[PDB]
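What follows is a single structure, written as structure tokens, with notes after it.
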Amino acid sequence: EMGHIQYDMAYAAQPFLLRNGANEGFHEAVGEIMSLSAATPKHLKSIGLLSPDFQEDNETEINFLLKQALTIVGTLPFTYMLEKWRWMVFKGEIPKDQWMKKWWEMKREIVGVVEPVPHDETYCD
Amino acid sequence: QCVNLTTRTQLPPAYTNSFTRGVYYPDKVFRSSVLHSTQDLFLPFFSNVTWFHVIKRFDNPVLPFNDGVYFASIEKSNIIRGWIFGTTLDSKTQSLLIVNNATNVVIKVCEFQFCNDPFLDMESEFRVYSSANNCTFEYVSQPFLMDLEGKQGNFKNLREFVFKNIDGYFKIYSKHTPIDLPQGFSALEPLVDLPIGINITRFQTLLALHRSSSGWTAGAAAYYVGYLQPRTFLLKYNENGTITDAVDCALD
Amino acid sequence: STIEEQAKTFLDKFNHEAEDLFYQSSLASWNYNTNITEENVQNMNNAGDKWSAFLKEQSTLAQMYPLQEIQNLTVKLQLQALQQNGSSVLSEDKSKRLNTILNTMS
Amino acid sequence: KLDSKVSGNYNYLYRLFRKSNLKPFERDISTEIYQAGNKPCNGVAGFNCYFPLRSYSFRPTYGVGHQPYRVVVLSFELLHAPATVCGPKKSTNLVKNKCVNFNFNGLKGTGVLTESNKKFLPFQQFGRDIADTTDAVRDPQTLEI
């Protein structure tokens, strides 16, 4: 949250429609890179939130790299899956009966998820 | 504004003389009990000064300015107030307006458009000009109070002003003494220095009248207009520091 | 004399005029999530259409600017941004159908 | 405190546009509408002809870069007139019966200050000597010699 505000100070001399990120998604992506460096065990020894004697072996870092890959790394084909659903329905590619037919077929392709309940054409996932 | 007084009558310019007076302090540095030789702009003694008498008789000529003049005023009903200055006396050049509205003496350098015979008309409304633009110098002097009521009789006071120009500087010398031609010696102390620096080739004497154009009259007053020359004098000082006598070299 | 000198005078008019109207409605919008009141929710109707009226009156003038003769990079991006009209490219009854369906989705 | 106003202060304007680079010590007041191009404009605000003066928006809640700051500067120059407004830099204590060194506005020297019964002018500066010496001085703060 302080990664947003420290970026927000520097472009204040620019005109107003050019006050943004570098793209439209840089504004919420600027804070997590310095938030990852604040979650390191080396930075917390200097500011003193941890113990001064802390043992970090090779199985300590397995718990850190798995938890950071849950909401960041592991959602990347899940972000890719409904966006390829988003571009291909607006080009006139599929008819009305192919609307949910393309849905679970692609879901067992990219992320490898088969839905346990079969769905009708009266439901929208 | 533009239409002047047509009821005026002018006198021929007869000439009078001045004897013992016209001596001022040349320097700001005080000196005591010496005899000092200075070189400044002075008046040679036993010269010819033009007589003026204002009583429907009015004396207001048009006189040029070259090196230096004096104004020695003697008053009763306070007719002569101030003087206007300038080169061509219009809005094409700068003009020095020194006039009193009987609150404070108003010194402004602006461009005013003068008429032929300006006058000062208690005082109700003062307008000597059609328009004013491009002002330069403003000054606030000491306030004074007086009476505009007309009196005719003997003259109980003297009024002194020195208008001189050395390198653009204008210094006002004034001495107020009580008593047609009074005598004695006078020492005029400096008061107001004006760092204006404009070219003034001509002056005119303002006259105040009391009681549209028919009913204005005036009392009895007189003034003197002299000429000056860069003459070398001597000085005299007592223990108090007042000048009793000055000696002109080239006379006798 | 050129289109590049005409484009800088319109957008520098647009710069300080949009600093006043963006800060005015976001001062109550910062008080919107701060305080849930009856007084500030009708200020969302009062100051919320001040952003909506300002963007289409500056898109009333500026769509006749060509993008072909513009030399400088900055101005072009700023102008594409100004030009894309969004939901105002429809007719009357098609745009008011689009305005009432987004209130039902939220 | 005395500058900004709640719900706007519309009194001040700034001129954003000028056709050339200005000279120093030059003030221009203009009601003339700025022409930005080849299309002429008669003084109405038209297409690509715009009004040059732009408004200020005042609010105390901005922060340090967007607050107004009132700026007055002093201009010093040399002309034919002598120097007018000079400086006080505090003064020391006046002592008596000691040979001192003189620091004044127009007077330098040495001497011992005693009392003087002489008649003085309020205008004057320093008195002189036949012996060509400065024997008196006028104190400007309290009038005595």
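Here chain D follows Swiss-Prot for its numbers: 440-584, in order, are the residues you see.
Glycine is no exception: its Cβ is also placed from the backbone N, Cα and C atoms.
Features as listed in Swiss-Prot:
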type     : residues      : note
REGION   : D:448-456     : region 'Immunodominant HLA epitope recognized by the CD8+'
DISULFID : D:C480-D:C488 : disulfide bond
REGION   : D:519-541     : region 'Disordered'
In the region 'Immunodominant HLA epitope recognized by the CD8+' (D:448-456), how many residues does DSSP put in helix, strand and coil? 0 helix, 3 strand, 6 coil
From the DSSP assignment alone, can you count helix, strand and coil residues within the region 'Disordered' (D:519-541)? 0 helix, 3 strand, 20 coil
Any same-chain residues 6+ apart from D:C480 (disulfide bond) with CB under 8 Å of its CB? Would you list them in sequence order, or say none? D:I472, D:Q474, D:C488
Cβ under 8 Å to the region 'Immunodominant HLA epitope recognized by the CD8+' (D:448-456), counting only same-chain residues 6 or more beyond its ends: which ones? 442, 467, 469, 473, 489, 491-495, 497
When a 10 Å sphere is centred on the Cβ of D:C488 (disulfide bond), how many other Cβ atoms does it contain? 19
With DSSP assignments reduced to helix, strand and coil, which class does D:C488 (disulfide bond) get? strand
